[PDB]
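Reviewing the structure listed below.
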Amino acid sequence: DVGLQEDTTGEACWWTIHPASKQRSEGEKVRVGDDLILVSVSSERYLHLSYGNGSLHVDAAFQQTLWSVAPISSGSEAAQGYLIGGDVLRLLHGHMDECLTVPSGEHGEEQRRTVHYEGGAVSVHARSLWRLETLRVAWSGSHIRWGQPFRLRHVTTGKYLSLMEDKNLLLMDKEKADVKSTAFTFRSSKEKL
Amino acid sequence: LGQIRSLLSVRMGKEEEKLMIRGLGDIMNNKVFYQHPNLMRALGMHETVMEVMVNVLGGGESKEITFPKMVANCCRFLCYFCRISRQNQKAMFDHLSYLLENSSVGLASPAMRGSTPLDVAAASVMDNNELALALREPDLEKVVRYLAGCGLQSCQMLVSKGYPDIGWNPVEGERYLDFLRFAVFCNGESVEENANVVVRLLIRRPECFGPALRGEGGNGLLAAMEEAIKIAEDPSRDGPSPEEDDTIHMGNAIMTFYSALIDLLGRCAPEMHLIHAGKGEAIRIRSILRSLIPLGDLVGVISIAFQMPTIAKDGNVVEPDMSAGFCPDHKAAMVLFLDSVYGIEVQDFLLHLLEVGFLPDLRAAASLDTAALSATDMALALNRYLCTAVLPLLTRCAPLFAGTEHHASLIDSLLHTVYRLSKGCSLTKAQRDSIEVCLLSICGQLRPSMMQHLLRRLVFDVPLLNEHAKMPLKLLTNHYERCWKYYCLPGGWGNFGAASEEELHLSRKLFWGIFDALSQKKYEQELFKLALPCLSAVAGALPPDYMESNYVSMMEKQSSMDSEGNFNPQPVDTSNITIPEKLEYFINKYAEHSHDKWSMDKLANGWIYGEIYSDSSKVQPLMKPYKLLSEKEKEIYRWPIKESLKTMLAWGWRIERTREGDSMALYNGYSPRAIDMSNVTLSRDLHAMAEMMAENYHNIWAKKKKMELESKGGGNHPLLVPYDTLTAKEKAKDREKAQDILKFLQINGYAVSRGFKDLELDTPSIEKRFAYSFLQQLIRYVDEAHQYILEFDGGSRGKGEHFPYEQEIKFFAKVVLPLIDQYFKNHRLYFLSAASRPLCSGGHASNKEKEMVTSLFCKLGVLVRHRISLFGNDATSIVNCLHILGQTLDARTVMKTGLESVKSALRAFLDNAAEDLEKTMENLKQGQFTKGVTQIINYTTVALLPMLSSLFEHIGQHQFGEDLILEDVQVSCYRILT
Amino acid sequence: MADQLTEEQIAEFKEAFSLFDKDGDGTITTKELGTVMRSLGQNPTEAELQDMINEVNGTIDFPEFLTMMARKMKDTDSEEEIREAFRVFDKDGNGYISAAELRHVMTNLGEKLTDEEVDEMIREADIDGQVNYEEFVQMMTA
Amino acid sequence: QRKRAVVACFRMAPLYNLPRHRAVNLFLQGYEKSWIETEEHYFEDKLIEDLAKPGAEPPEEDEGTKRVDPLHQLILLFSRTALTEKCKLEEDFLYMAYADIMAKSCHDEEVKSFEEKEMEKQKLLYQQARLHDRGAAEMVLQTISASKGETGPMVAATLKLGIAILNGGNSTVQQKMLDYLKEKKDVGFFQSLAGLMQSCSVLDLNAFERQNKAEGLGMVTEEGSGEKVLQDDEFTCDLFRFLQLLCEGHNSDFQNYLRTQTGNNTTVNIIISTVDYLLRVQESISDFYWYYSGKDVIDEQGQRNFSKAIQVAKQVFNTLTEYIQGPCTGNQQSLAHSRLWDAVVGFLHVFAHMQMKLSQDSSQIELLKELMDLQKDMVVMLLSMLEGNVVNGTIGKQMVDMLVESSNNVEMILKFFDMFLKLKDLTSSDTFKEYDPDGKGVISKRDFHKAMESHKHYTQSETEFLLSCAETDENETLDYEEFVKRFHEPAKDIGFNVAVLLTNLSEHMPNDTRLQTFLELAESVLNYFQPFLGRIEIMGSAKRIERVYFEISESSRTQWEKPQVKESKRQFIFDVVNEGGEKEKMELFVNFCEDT
């Protein structure tokens, strides 16, 4: 089984990358667009995708499977600030006195799915945390530029922000977040340029 | 060679094939081919044969190999050429590559073993470290790919010949695995560089492991072996069914493939020294092998039993064909893998494996000890497998046998089976030596007290002093040398315990039997050199003041054992016993209890109620109250209890009527409810009762089954074995119903007791002591030795230098004297004990015992007087014995309470010493300037001085001079002083 | 038969086998399998014959036969392997080789191998330095 | 098997116990191996001269057409055999023997006179003319082409003969080879060269470890020494030496032809094939070094394996330098875009670590010398890459990127060089000469340590490292003359080349912060080499002003700065300024330079 380990001690946490084809070779610098085969140092198995169960699984097997590494983010990070994809943040609406959040004190998703501006300790509670997810898997940890579409996921409830005509803003689940209603953009100014 | 070289230039055909086969035969017949391998290599014969092979294989490469006889003969010639010399092997190694592509030329066709290009390739690297290390990864990769193809696709020619179309090719896979085994294992050591590569390639291609072990729905190795056995014993799936020849026995093929794979992996397993050092690659390989093969599968495969050869009517042996069924070589590989990868490091696992997988095989091999059945293929193969795989494993795992007090029955059965197998014939010298080493190490590690059954078995067998007696003799020597404190010391060895006087009587019988047999046996060098230490060790182990029980335990365990046959069931006759009427109440009550318990068990099984008495509708028992049961139904319960009571009375144990319980019970739809009874306790004597009477019942059943056997005309039922050799689970039923009957006796209170008592207390310790008897025999033998030496002095001086009593004198000089020396050196304090307490255990040898010690000392002195040259090198032995006896002499007590003849002999010893010293006086005087003089001088200087020195040192140390040296002995001492 | 057998003994194996001759296959069956070496001079027992038949179409030839005496070469290997040692060294014959004599017997001759001697004494060390040549050699000449 | 080896040693007997015929066979084999094979006689030059002599033309009475001489006929036969189409180049004993004979005839080989050197050069030219006047160059090209990329003794003999006829950079042979290739439009020759490079062997750790395991098992190889490690170093060196000799003398035409073959339908980049093999051998050397990095000492087999691998790598570096010098801009660009930088990075790591590892030992002096010679060759190749540079050039940018990638290793190398360059100054200081008052030249270890500590130029770690590098002596005394002659002199050459490289990079990348930081790291070496570094500007062959960097010796600087030479310079300047001419100014300057 392939899982997570707290400590780096031992060779179980180490994997060796090998080319999936003859175009690459040992010692050659790995390109971002490539297919790799990963071998566990401890067991000499492969990071393998198994079809045996009704649902696909991942396991360290002797049959080798091709894995493609996709970059997300790098060490640039634009120093401080400069919002990047995947960031968890608070949307301060007014003059540093309100946050976009949902009710939680009432309890119950039926009234927790609504969205509103609230002030006070909401700015330090986890209830007012939204993570910004880009629409592209590759380079999803890059800087967010003006007009770039994204989704806003309420971290605590796990539901995505969305717009429908009859009841304006609302949160739905992963199965109902269908980009047509959950996509939002940041604009420098409100004019319809 | 010129004929073959000329045939190179003509196209191959039938005539040329015949000519070249004959030429190769002539060459392999010639002397120079074997005497001068360098000449052969210089002439390049291997290259010529390889060119012929290439031509034949290329002819019809796509088709079947034309002229297979030519290929087989060339392969055989090249294999022999490789075997001739190492440089020939290295020269043929250069053609390894081509042979690897052409490996599959004739693998599937049988009767070509050792006559294939794969066989030539294997011989090119067999038992050669340089060539094994020179093997390359692509060379092993080709073989791995071929094995994967064999494991994935069936054999075309095999299926064309009508064989069932299984999905894989065990026949060729086995040969590929054998070649890989030769590649990875060389000269008894595993080439780690090749083993790692082979393991990595095999795990990269998991199809190489066959249907089973492939995963993804593949069943276990045990299941695969069982299914292959079913195929082997089921026709229409094993052969084609439209000298093996066409027959392949696909079940055996599958089994052999799996065995070869297991053997190859076990040889690829890393070394334990590397594992201990911590080579991460070694631990990784071991973990991989453990993941592939579970331990339980190996245990189950080992537990699988063979098919014993059967003796049928008219004395005909039916031995199932080895090449068609399950073979011990298949389990040998499993044992090898279990030892190499998993190993045996914990006592509980060792005992479990011994009980489930090894003990049945050992018992079967021991059972196959009949003269006719001991030469069968199964018997020889099983003996080879045992002595080459199983027994060395137990020898190496001997230290794990330390804390085995609980599983006494299991390892007693192990010891009995091993000893019987050793006694069996048709065993090679190496196999017998392996048996000896295994038994020695095992018995050395086990506890002294609980090998009593093996001691008892050896007692009846070793006095014969046959060729096989060497191993039991050494076994007894080592055991009694190690565990002497268990017997001699009254407290015992410690936590081990103390002898129960049964071991003491057994050891005394063994000692006396061995002594008598050696006395009457003609002198043999090795036999005596082995027997004397055994006799000394047994004498030292036995307490000197041991009291021999004049009455033996009634019907002691000699009836169960037999001469030669070693197993004659002897149930006690029940004809003359009459059951007392007072036991009828117990018979009735126990019948009621048994019927109620059986009704409970029947309802618990859940079977249709007994509403009528129906046979086919199978409603037989009626579960009706015992009082309502018929008299003939009562018989099936009463008769076993009747026989039980018959044996109880026959064995002389009283059962008396507890007054309280007897009066107590006398005044005291259907409910089958009975008594929870298993919670009752039994004493030690009660437990021994239950064990011996369950043994009698097992003997009864074994005898009945035996008469059934000769009624059928033959056979050997697996459990027809002595009760001691019978294992715990197999003794469980008899022991349980023993517990049942004794417990019901106890709960009724019916008091069972030993009954027949000792006829007399036997206070004459002075007469019945083991030391008393031993010293009587010793002094007697010294007396005949003395009379023989006077006969020699009478005869040899005239004419009789050679005397008829050579073997008697050799016995006395080789066995008697060292036995005396060792016995009195071990037990010096015992004979020297007196009113004072130099020893703390109690000792205190009798006055008569001390008297005979003195008499023996005097007899030995008289014997040695002027006869050192007659004994030659033994004179050292005589003087050592006299030294020890003089140290052990209890002069004060002997002179206070002793017999006049012995006292006079002790005085005469000193008088003779004084007279000899005076004679030496006149020999040295007036003879220093210029024969009996030399004899007296060297006799004095060699023997007389040490004896007097030791005796006087002992007397001075123990202050015996004030009690011994008085009057005439003072006069003799004055002469000695002058 | 890897050149360890000498020419004279190989020749007398052949002359015994040629006593029955017959084109290298005739009159040499399993019935004469014992008779040839019985005539040659040492006696094959049941163990010797089972060693002959252990790996053995059904009728032997000279390669197979002398291959059998290869594994029989394992016999009579007890006194001549130490005969050379007893001749060259151990003039006293005590077997307890002296201190300088033991330096000298492990004075490495050409191979110049190391750690093997110190391994032997860390695995086993005699006591009474004073290493026994007998105990020293049986460990390898088992 | 340990017991079996001892049993064989005990049972094995000397010669006098062996039967006479066996001992005679053994003696025959030994006599063949020791006396007949080692016997050598020289006949190649005489045989070639006899075969080249035209035979009796007044008897031939032809006078119309000169008949081909026997040597010409033999070369024609070999050429026809090569030209005949076959699946594989069959092994020909005749061709092997006569190719060896011809190569040795051309070869036929304490300061010697100039006329002696010229006489030797003329003799070599005549001997090579004896062959290439009869078709030897075309013959070797045809044989290489017919080899079809398969390594073998035929190809080895062909390469040796080509080297023999191309030694000294034979312009006539180079022109003949190029003309034949261009007029045949032979793609098989270049395909076979690429195949041979791909088939060339490298170091094999697995084979080395298996050989070590076998030797430790205890049975010595009855055959020759194990050549499984670095299979054919001689063949690889011969191939790359033939390639280098094909371009010696800055042969621009054939240098460009190797990179691209214009006429041919298919083109093979010999430049890229060479750099690929360089990368392979660099990786092998790195693996072999890593196998000893943990180990304290390097055995003899390892030392010889490094010697062979370093020789091969040095030959490849020389071949690449011959490729790019002249300069050849196309070759420079191809190597800049090739995998050369990765190999250079690996080599820099290997150098920066093995320098310390072998300098701390005393039994690896020759290995360290070979390694630093290889380092010097690599730096020379890098300088040739920078030859003909331009401001803000792509090659300079890539070299700066490589240096930044290998920053740590180059820093370690520079520290090594700085220590062993200050060694000479402390040796020549008066304090050291009073620590060793006599002129004997050997001083104790703590006298030496106290002398170092007196300077304070070194630190504690540097002093400890130099003491460790100092060899152990029974008298605890070291010879500082041999110490400096061992350690200082490889520096001041490799260090000077590195300083020239860094100065060139700095001057052609004036605005580069990474290079500025790298130079700040390398400040001390540049300060030491500043008086010895000479810069001039020339009107280069590419119609472009180019910087030229060279070495100025201390003796030259002192003689130039002597007052008499200064007065001569002043007089010359006065003359050219006043009565000199602007047309003849450079001629007068060159005459003054020659006289000075």
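As shown in the structure tokens, the chain order sets the letters A, B, ...; within each chain, residues go from 1, and ligands are also counted from 1 in the order they appear.
Non-sequential neighbours of segment 347-364 of chain B (distance at most 6 Å, separation of 3 or more positions within a chain, only C-alpha atoms) are residues 302, 303, 367, 400 and 417 of chain B.
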Expected file contents, prior selection, N, CA, C and O atoms, as a PDB file, in the first residue's frame:
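Written file, result-v6.pdb:
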ATOM      1  N   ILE B 302       4.576 -29.166   3.472  1.00  0.00           N
ATOM      2  CA  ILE B 302       5.361 -30.128   4.236  1.00  0.00           C
ATOM      3  C   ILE B 302       4.444 -31.111   4.956  1.00  0.00           C
ATOM      4  O   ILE B 302       4.740 -32.308   5.047  1.00  0.00           O
ATOM      5  N   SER B 303       3.309 -30.626   5.465  1.00  0.00           N
ATOM      6  CA  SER B 303       2.383 -31.497   6.182  1.00  0.00           C
ATOM      7  C   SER B 303       1.736 -32.524   5.263  1.00  0.00           C
ATOM      8  O   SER B 303       1.308 -33.584   5.734  1.00  0.00           O
ATOM      9  N   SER B 367       8.223 -46.905   9.943  1.00  0.00           N
ATOM     10  CA  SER B 367       7.320 -48.013   9.659  1.00  0.00           C
ATOM     11  C   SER B 367       7.792 -48.809   8.451  1.00  0.00           C
ATOM     12  O   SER B 367       7.661 -50.037   8.418  1.00  0.00           O
ATOM     13  N   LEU B 400      16.996 -24.852  20.497  1.00  0.00           N
ATOM     14  CA  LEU B 400      15.608 -24.499  20.765  1.00  0.00           C
ATOM     15  C   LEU B 400      14.878 -25.558  21.581  1.00  0.00           C
ATOM     16  O   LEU B 400      13.766 -25.293  22.049  1.00  0.00           O
ATOM     17  N   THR B 417      11.044 -42.563  17.099  1.00  0.00           N
ATOM     18  CA  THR B 417      11.072 -42.733  15.651  1.00  0.00           C
ATOM     19  C   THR B 417      12.493 -42.641  15.113  1.00  0.00           C
ATOM     20  O   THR B 417      12.886 -43.430  14.245  1.00  0.00           O
TER      21      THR B 417
END
Selection near residue 259 of chain D, 6 Å with only C-alpha atoms, sequence-local residues under 6 positions removed, as a PyMOL selection string: chain D and resi 269-271
Could you write out the selected residues, including N, CA and C atoms, as a tab-separated table (two decimals), in the first residue's frame?
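Ended up saving to part.tsv:
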chain	number	residue	atom	x	y	z
D	269	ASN	N	26.49	13.96	-37.26
D	269	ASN	CA	27.22	14.97	-36.50
D	269	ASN	C	28.27	14.28	-35.64
D	270	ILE	N	29.48	14.19	-36.19
D	270	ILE	CA	30.61	13.61	-35.46
D	270	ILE	C	30.90	14.40	-34.20
D	271	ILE	N	30.69	15.72	-34.25
D	271	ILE	CA	30.89	16.57	-33.08
D	271	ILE	C	30.00	16.11	-31.94
Within 12 Å of chain B: each chain C residue with its shortest pair, only C-alpha atoms, as a Markdown table:
| residue | atom | partner | partner_atom | distance |
| --- | --- | --- | --- | --- |
| C:1 | CA | B:84 | CA | 5.8 |
| C:2 | CA | B:85 | CA | 4.0 |
| C:3 | CA | B:85 | CA | 6.2 |
| C:4 | CA | B:85 | CA | 9.1 |
| C:5 | CA | B:35 | CA | 8.4 |
| C:6 | CA | B:35 | CA | 7.7 |
| C:7 | CA | B:35 | CA | 5.9 |
| C:8 | CA | B:35 | CA | 9.2 |
| C:9 | CA | B:35 | CA | 9.9 |
| C:10 | CA | B:35 | CA | 7.0 |
| C:11 | CA | B:31 | CA | 6.9 |
| C:12 | CA | B:31 | CA | 10.1 |
| C:13 | CA | B:31 | CA | 9.5 |
| C:14 | CA | B:31 | CA | 6.9 |
| C:15 | CA | B:31 | CA | 9.6 |
| C:17 | CA | B:29 | CA | 10.1 |
| C:18 | CA | B:29 | CA | 9.9 |
| C:21 | CA | B:29 | CA | 10.0 |
| C:22 | CA | B:29 | CA | 11.0 |
| C:23 | CA | B:26 | CA | 8.1 |
| C:24 | CA | B:29 | CA | 6.4 |
| C:25 | CA | B:25 | CA | 9.6 |
| C:45 | CA | B:428 | CA | 10.1 |
| C:46 | CA | B:426 | CA | 8.2 |
| C:47 | CA | B:428 | CA | 5.8 |
| C:48 | CA | B:428 | CA | 9.3 |
| C:49 | CA | B:428 | CA | 11.1 |
| C:50 | CA | B:428 | CA | 9.2 |
| C:51 | CA | B:428 | CA | 10.0 |
| C:54 | CA | B:381 | CA | 10.9 |
| C:55 | CA | B:114 | CA | 10.7 |
| C:56 | CA | B:113 | CA | 11.2 |
| C:57 | CA | B:111 | CA | 8.2 |
| C:58 | CA | B:243 | CA | 9.5 |
| C:60 | CA | B:29 | CA | 11.3 |
| C:61 | CA | B:29 | CA | 7.5 |
| C:62 | CA | B:29 | CA | 5.4 |
| C:63 | CA | B:28 | CA | 5.9 |
| C:64 | CA | B:80 | CA | 8.5 |
| C:65 | CA | B:29 | CA | 10.1 |
| C:66 | CA | B:34 | CA | 8.9 |
| C:67 | CA | B:83 | CA | 8.5 |
| C:68 | CA | B:83 | CA | 11.9 |
| C:70 | CA | B:83 | CA | 10.0 |
Strand (DSSP E or B) call set, DSSP backbone run, segment 74-193 of chain A, as a ChimeraX atom specification: /A:84,88-89,92,99-101,116-118,130-134,143,150-154,160-163,169-172,184
Quick one: contact table of chain B to chain A, 12 Å max, nearest atom pair and distance in Å to one decimal per residue, counting only C-alpha atoms, chain and number order, as a Markdown table?
| residue | atom | partner | partner_atom | distance |
| --- | --- | --- | --- | --- |
| B:196 | CA | A:44 | CA | 11.8 |
| B:199 | CA | A:44 | CA | 11.0 |
| B:200 | CA | A:44 | CA | 8.5 |
| B:201 | CA | A:62 | CA | 10.5 |
| B:202 | CA | A:62 | CA | 10.0 |
| B:203 | CA | A:62 | CA | 6.5 |
| B:204 | CA | A:62 | CA | 5.9 |
| B:205 | CA | A:62 | CA | 8.0 |
| B:206 | CA | A:62 | CA | 7.6 |
| B:207 | CA | A:62 | CA | 11.0 |
| B:214 | CA | A:62 | CA | 10.9 |
| B:215 | CA | A:61 | CA | 10.9 |
| B:216 | CA | A:52 | CA | 7.7 |
| B:217 | CA | A:52 | CA | 9.9 |
| B:280 | CA | A:42 | CA | 8.5 |
| B:281 | CA | A:42 | CA | 8.8 |
| B:282 | CA | A:42 | CA | 11.2 |
| B:283 | CA | A:42 | CA | 9.4 |
| B:284 | CA | A:43 | CA | 6.4 |
| B:285 | CA | A:43 | CA | 8.6 |
| B:286 | CA | A:43 | CA | 10.5 |
| B:287 | CA | A:43 | CA | 8.1 |
| B:288 | CA | A:43 | CA | 7.2 |
| B:289 | CA | A:43 | CA | 11.0 |
| B:290 | CA | A:43 | CA | 11.9 |
| B:291 | CA | A:43 | CA | 10.3 |
| B:292 | CA | A:62 | CA | 11.6 |
Exercise answer, chain B residues close to chain D, 10 Å and only C-alpha atoms, as a VMD selection string: chain B and resid 36 38 to 39 87 129 to 136 186 to 189 193
For the residues selected in the previous step, produce a file with C-alpha atoms as a CSV table (one decimal), in the first residue's frame.
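The resulting result_37.csv:
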chain,number,residue,atom,x,y,z
B,36,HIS,CA,44.6,-35.3,-22.2
B,38,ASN,CA,44.4,-30.0,-23.3
B,39,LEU,CA,45.1,-32.0,-26.4
B,87,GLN,CA,39.6,-25.2,-18.9
B,129,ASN,CA,32.7,-19.6,-9.4
B,130,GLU,CA,34.5,-17.6,-12.1
B,131,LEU,CA,32.0,-18.6,-14.8
B,132,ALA,CA,29.1,-17.9,-12.5
B,133,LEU,CA,30.5,-14.5,-11.7
B,134,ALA,CA,31.2,-14.0,-15.4
B,135,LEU,CA,27.5,-14.6,-16.2
B,136,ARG,CA,25.9,-11.4,-17.5
B,186,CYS,CA,27.6,-22.8,-6.9
B,187,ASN,CA,29.8,-25.0,-4.8
B,188,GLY,CA,27.3,-25.0,-1.9
B,189,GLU,CA,27.3,-21.2,-1.7
B,193,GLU,CA,25.4,-11.0,-7.4
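Atom CA of residue 830 of chain B is found 5.1 Å from atom CA of residue 843 of chain B.
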9 Å contacts from chain D to chain C using only C-alpha atoms, as a ChimeraX atom specification: /D:2-4,6-7,10-11,216,218,220
Exercise: segment 92-95 of chain C partners within 9 Å, only C-alpha atoms, chain neighbours under 5 positions left out, as a count of residues only: 5
Contact residues around residue 103 of chain C with only C-alpha atoms at 12 Å, ignoring same-chain residues under 6 positions, as a PyMOL selection string: chain C and resi 97+117+129-131+133
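Taking atom CA of residue 740 of chain B and atom CA of residue 576 of chain B as endpoints, the distance between them is 25.7 Å.
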Exercise: residue 115 of chain A partners within 9 Å, only C-alpha atoms, chain neighbours under 2 positions left out, as a PyMOL selection string: chain A and resi 100-103+112-113+117+161+169-171
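Picture a line from atom CA of residue 485 of chain D to atom CA of residue 353 of chain D; it runs 21.5 Å.
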Contacts of segment 90-99 of chain A at 8 Å (only C-alpha atoms; same-chain gap of 4+ positions) as a PDB file with C-alpha atoms, in the first residue's frame:
ATOM      1  CA  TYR A 117     -21.031  40.155   5.188  1.00  0.00           C
ATOM      2  CA  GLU A 118     -20.412  40.067   8.937  1.00  0.00           C
ATOM      3  CA  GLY A 119     -18.086  41.932  11.274  1.00  0.00           C
ATOM      4  CA  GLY A 120     -16.342  41.224  14.567  1.00  0.00           C
ATOM      5  CA  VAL A 122     -15.488  36.486  12.149  1.00  0.00           C
ATOM      6  CA  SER A 123     -12.209  37.961  10.877  1.00  0.00           C
ATOM      7  CA  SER A 128     -14.588  33.273   7.048  1.00  0.00           C
ATOM      8  CA  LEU A 129     -11.960  31.363   5.047  1.00  0.00           C
ATOM      9  CA  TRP A 130     -12.252  30.942   1.279  1.00  0.00           C
TER      10      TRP A 130
END
Residues of chain D within 12 Å of chain A, counting only C-alpha atoms, as a list in words: residues 276, 279, 280, 282, 283, 284, 286, 287, 339, 341, 342, 343, 345 and 346 of chain D
Residue list (helix (DSSP H, G or I), DSSP) for segment 76-131 of chain A, as a PyMOL selection string: chain A and resi 109-112+121-123+126-128
Non-local contacts of residue 593 of chain D (12 Å; only C-alpha atoms; under 3 positions in same chain excluded) as an MDAnalysis selection string: chainID D and resid 560 565 568:569 572:573 586:590 596
Print the selection's residues with C-alpha atoms to a file, as an mmCIF file, in the first residue's frame.
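Output file again-v6.cif is given in full below:
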data_model
loop_
_atom_site.group_PDB
_atom_site.id
_atom_site.type_symbol
_atom_site.label_atom_id
_atom_site.label_comp_id
_atom_site.auth_asym_id
_atom_site.auth_seq_id
_atom_site.Cartn_x
_atom_site.Cartn_y
_atom_site.Cartn_z
ATOM 1 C CA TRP D 560 61.766 44.326 -19.811
ATOM 2 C CA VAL D 565 65.772 48.041 -22.001
ATOM 3 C CA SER D 568 66.258 51.412 -25.556
ATOM 4 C CA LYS D 569 62.458 51.712 -25.566
ATOM 5 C CA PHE D 572 62.964 53.779 -30.145
ATOM 6 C CA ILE D 573 59.839 55.780 -29.280
ATOM 7 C CA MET D 586 54.493 48.777 -37.314
ATOM 8 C CA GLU D 587 57.511 47.409 -39.195
ATOM 9 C CA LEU D 588 59.833 49.515 -37.036
ATOM 10 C CA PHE D 589 57.944 48.431 -33.914
ATOM 11 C CA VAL D 590 58.297 44.755 -34.848
ATOM 12 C CA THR D 596 64.600 43.673 -27.586
#
